[PDB]
């Protein structure tokens, strides 16, 4: 229920439209009722020499974490409830990635019913794919890609 400052949201939306990522993924996981688990991730990446900017985002957003990946680092926010509150506030200012944000919110509002319904879940799976297409990523996998995801998990 953190309320963010509008000038911050305006600058961060332009930053996100230029280089941030709003991503959803469905990965195989035998512990889940439908054998797959959803992950939702707002991500900003910088070279490690500007990791201060990512640690600053954690201070300013109040949630999320920074992870190192060698010569780059990311700010990651993947907790559902703070992610919903953050993207609800950022969305009105996004111009290139607003549809990704809208779909993540739609997915999150559907998760209680996706826990029990196969139909509700499979429909989340279609919105996951719509996000990937908006992100210019692959939305369809070959048989080898599917089995390899299973093996990787």
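Residue numbers count along the first chain shown, from 1.
For the segment pair 104-112 and 28-36, the entry gives 28-36 the higher mean B-factor, averaged over Cα atoms.
Judged by mean Cα B factor in the deposited record, 58-66 ranks above the other of 58-66 and 94-102. Sorting the modelled residues of the chain by their CA temperature factor places residue 130 in the lowest third. Among the modelled residues of the chain, residue 21 sits in the lowest third by CA temperature factor in this PDB entry. Per the PDB record, residue ranking by Cα B-factor puts residue 41 in the middle third of the chain. Split the chain's modelled residues into thirds by C-alpha temperature factor. Residue 89 is in the lowest one.
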